[PDB]
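This document starts with one chain, in the form deposited in one PDB entry, laid out as structure tokens.
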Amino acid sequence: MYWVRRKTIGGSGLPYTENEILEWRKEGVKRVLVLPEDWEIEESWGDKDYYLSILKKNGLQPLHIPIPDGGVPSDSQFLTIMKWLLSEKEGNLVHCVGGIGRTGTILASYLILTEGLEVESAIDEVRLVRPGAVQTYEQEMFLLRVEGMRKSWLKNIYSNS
């Protein structure tokens, strides 16, 4: 597990045991955004719902937003992901299978929206703590789009009464 922004947001891969989940807790993780698909989670936990219950049993609030390997969240999923990540700033962990591609893309997107970083800076930022972050062209294209649509995303994320 690695932090992109000390104790506010970090990434990791899929845990193999409950002890590894307790390691996240000791590190300061409090909320977990789960990105792998059901079948990927099941390789280590047998059942996706069981895994989510294990996260809750260990004091972590999870949100499952399945993204296919090598892909990116749909616009609807991205809205959900960002509303979730922005709801609480402390202890956010984002994870996929190994913590590189999908996770790196989401983390970079988070920096683009929250700090107004240009796509290249956001990518370098995540790669400094996680070599290989942002794996596919689709993910790279998605990030430039996030930068261009930054104002629109913020407006839609915070649309209130």
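One rule holds for the numbers: they count along the sequence shown, beginning at 1.
Stretches compared: 104-112, 38-46. Higher mean C-alpha B-factor in the entry: 38-46. Looking at mean Cα B-factors across 90-98 and 54-62, the upper value is held by 54-62. For the set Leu22, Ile9, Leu143, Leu14, the PDB entry assigns the largest Cα B-factor to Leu22.
Annotation for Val29: C-alpha temperature factor in the middle third relative to the rest of the modelled chain, per the entry.
Remark: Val134 belongs to the highest third of its chain, ranked by C-alpha B-factor as recorded.
Absent from the display: the form solved in complex with a partner chain. The rest refers to it.
For a residue to qualify, one of its non-hydrogen atoms must sit within 4.5 Å of its partner chain in the bound PDB entry; none of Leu33, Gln61 and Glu88 qualifies.
Exactly one of the stretches 52-60, 25-33, 111-119, 96-104 approaches its partner chain in the bound PDB entry with heavy atoms within 4.5 Å, and it is 96-104. Although the partner is absent from this view, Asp38 stays clear of its partner chain in the bound PDB entry, with no non-hydrogen atom inside 4.5 angstroms. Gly46 falls outside the set of residues with a heavy atom inside 4.5 Å of its partner chain in the bound PDB entry. Among heavy atoms of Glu42, none comes within 4.5 Å of its partner chain in the bound PDB entry. Although the partner is absent here, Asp124 is not a contact residue: none of its heavy atoms lies within 4.5 angstroms of its partner chain in the bound PDB entry.
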